[PDB]
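Contents: one structure, followed by commentary.
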Ligand SMILES: O=c1cc(O)n([C@@H]2O[C@H](COP(=O)(O)O)[C@@H](O)[C@H]2O)c(=O)[nH]1
Ligand SMILES: O=c1cc(O)n([C@@H]2O[C@H](COP(=O)(O)O)[C@@H](O)[C@H]2O)c(=O)[nH]1
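As structure tokens, this is what we get:
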């Protein structure tokens, strides 16, 4: 009972121009039915961009807003985001259990989903997040979180996070391609990989997506 | 940064009409407004320019920036394009993520505020134990503007100690979350106040009342 992500591949659509974002997403639509829309695009083009993607592509939308405020403000952010049509929202765990619970409560009321971001993929994640990440994941399990985000760039950490959350939980993983993570290796542990620049900066985004999928064909 | 009455309005109403009306009602008391995602995600980034057109106030974009460096850069660019004077960034994701924001702020003539410890109970779980180190990281990176919690004055005082008297420190959690205006201003340069003003029956009277209570500190 998890979202059915086509080809185990989620597009990170971080282009900031509406025309470019729509063009590239349309070009890879035959390969991907799940799109992650973040603040680069939303802050540039408005929350209606979620509406426009739904209208144009009929793709699931994960709002990557890394929600990281106090409970009251988290609640408001989730309400606005789901009102706009996002299927799911990504929330940081490091601000603690009350902040996460606030998001879960809105998601439950509104019939949508929360993804909990545990450890991040970039080098700076080692300073503070990494040391808290196993406990953040365990906290997620205790709170009944079913969907998680963890880093492609650290296979050993991604493996441990998978263990903590169990095989029934849903796990998606960014850092594939541009940041150095390998698609196949990452899919040993993650249900789906998130890929941005390797696709959307390619001369032919469809060929780039098709190439990634070909490389993991035996895992589909 | 010179904040009128040491008081920053946290404008978290999610309706444009109410947000503009309430801000107008307290305009004589403030010249600095913190705008966050509740308002921006409901009404659009154009609300920032509208506030600058109507009030001339400085605008702090409270976006709790907490992504990887590449994405942080993009978020800061979009935010400053919309006319924000400053942006609030989480320190927990580490130094490279903060530096990405500092770079864009320098390029566009803006300021970064580094959020160290947060004001809500959940901050005790992970953030509090990292907060002193996050503040030292800010010092190492040349950060001059910081955010810390009204709800824990002993922690706010420690943050002030780490960053020094020359750094600028603003503090939320005043009023609704339990923090005291005057006590907070022992350590912070300015207090952030949301619900105590914008949910008050009479927001202007609420603002005036807070200012009366700290008049000897102005
Ligand atoms: O730990 C994380 C969590 C993320 O959401 N992301 C997001 O995943 C995407 C990665 O894109 P890319 O494939 O271009 O590196 C970006 O949108 C980024 O904000 C990440 O890179 N690392
Ligand atoms: O630690 C923090 C950091 C914040 O930015 N904030 C923000 O400050 C404001 C506090 O508003 P209020 O006075 O209604 O509690 C909110 O916009 C909130 O998101 C906070 O409450 N605690």
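Protein chains in written order, with the authors' numbering: chain A, 7 to 226; chain B, 9 to 226.
C-beta atoms are modelled at their ideal positions from N, C-alpha and C, and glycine is treated no differently.
As assigned by DSSP and simplified to three states, the class of residue 218 of chain B: helix
Outcome for residue 61 of chain A when other beta-carbon atoms lying within 10 angstroms are tallied against a minimum of 16: exposed
Which residues DSSP lists as bridging residue 177 of chain A, in chain order: A:154
Close beta carbons around residue 34 of chain A, own chain, < 7 Å, minus the five adjacent residues each side: 17, 205, 211, 212 and 215
Where the beta strand (DSSP E) through residue 41 of chain A begins and ends: 40 to 44
Interface partners of residue 192 of chain B on chain A, CB under 7 Å: Think of a sphere of 7 Å around the beta carbon of residue 192 of chain B: no beta carbon from chain A falls inside it, the nearest being about 16 Å out.
CB of residue 15 of chain B within 8 Å of CB of residue 199 of chain B, strictly: Yes.
Rounded straight-line distance, which links the Cα of residue 42 of chain A to that of residue 152 of chain A: 18 Å
Residue 121 of chain A - containing beta strand (DSSP E), residue span: Start and end: 119 to 123.
Counted within 10 angstroms of its Cβ, other Cβ atoms place residue 197 of chain B as buried (16 or more) or exposed: buried
Within 8 Å, strictly: CB atoms of residue 56 of chain A and residue 92 of chain A: yes
Contacts of residue 156 of chain A in chain B (Cβ-Cβ under 7 Å): Those do not exist, as residue 156 of chain A stays about 14 Å from chain B at its closest Cβ, beyond 7 Å.
Beta-carbon proximity check, residue 118 of chain B vs residue 142 of chain B, cutoff 8 Å: In this structure, residue 118 of chain B lies away from residue 142 of chain B, with their beta-carbon atoms at least 8 Å apart.
Residue 110 of chain A, DSSP secondary structure in three states: helix
Simplified DSSP assignment, three categories, for residue 35 of chain A: DSSP places residue 35 of chain A in coil when its eight states are reduced to three.
Status (buried if at least 16 other CB within 10 Å, exposed otherwise) for residue 70 of chain A: buried
Any non-hydrogen atom of ligand 2 closer than 7 Å to residue 173 of chain B Cβ: Because no heavy atom of ligand 2 lies under 7 Å away, the Cβ of residue 173 of chain B does not count as near it: no.
Status (buried if at least 16 other CB within 10 Å, exposed otherwise) for residue 223 of chain A: exposed
Residue range of the alpha helix (DSSP H) that includes residue 54 of chain B: 54 to 62
Residues of its chain near residue 229 of chain A, where Cβ-Cβ distance is below 7 Å and the 5 sequence neighbours each way are ignored: No statement about residue 229 of chain A is possible, as the shown extent of chain A runs from 7 to 226 and does not include it.
Start-to-end residues for the beta strand (DSSP E) that takes in residue 145 of chain B: Residue 145 of chain B -> not in any beta strand (DSSP E); alpha helix (DSSP H) instead, spanning 135 to 149.
Contact check, residue 195 of chain B vs residue 161 of chain B, beta carbons under 8 Å: yes
Residues in the region 48 to 66 of chain B having any Cβ partner in chain A nearer than 7 Å: 49, 50, 52 and 53
Selected residue, minimal CA-CA separation from residue 201 of chain B, among B:209, B:58 and B:183: Minimum Cα distance to residue 201 of chain B is reached at B:183.
Residue 224 of chain A in three-state terms, based on DSSP: Residue 224 of chain A: helix per DSSP, three-state reduction.
Collapsed DSSP secondary structure at residue 21 of chain A in the structure displayed: coil
Proximal residues to residue 47 of chain B (C-beta, below 7 Å), its chain only, five neighbours per side dropped: 19, 20, 21, 22, 27 and 55
Host beta strand (DSSP E) of residue 71 of chain B (start-end): 66 to 73
Where residue 97 of chain A sits in the DSSP three-state scheme: strand
Option in B:111, B:79, B:53 and B:147 with minimal Cα separation from residue 67 of chain B: B:53
Distance, residue 97 of chain A Cα to residue 168 of chain A Cα: Rounded to the nearest whole angstrom, the C-alpha separation of residue 168 of chain A and residue 97 of chain A is 18 Å.
The region 101 to 110 of chain B / the region 105 to 112 of chain A touching (three or more Cβ pairs under 8 Å): no
Distance, residue 187 of chain B Cα to residue 31 of chain B Cα: 22 Å
Beta carbon proximity, residue 198 of chain B to chain A, threshold 8 Å: no
Bounding residues of the beta strand (DSSP E) (the contiguous stretch that carries residue 198 of chain B): The continuous beta strand (DSSP E) containing residue 198 of chain B extends over residues 198 to 201.
Residue 130 of chain B vs residue 101 of chain A beta-carbon contact at 8 Å: yes
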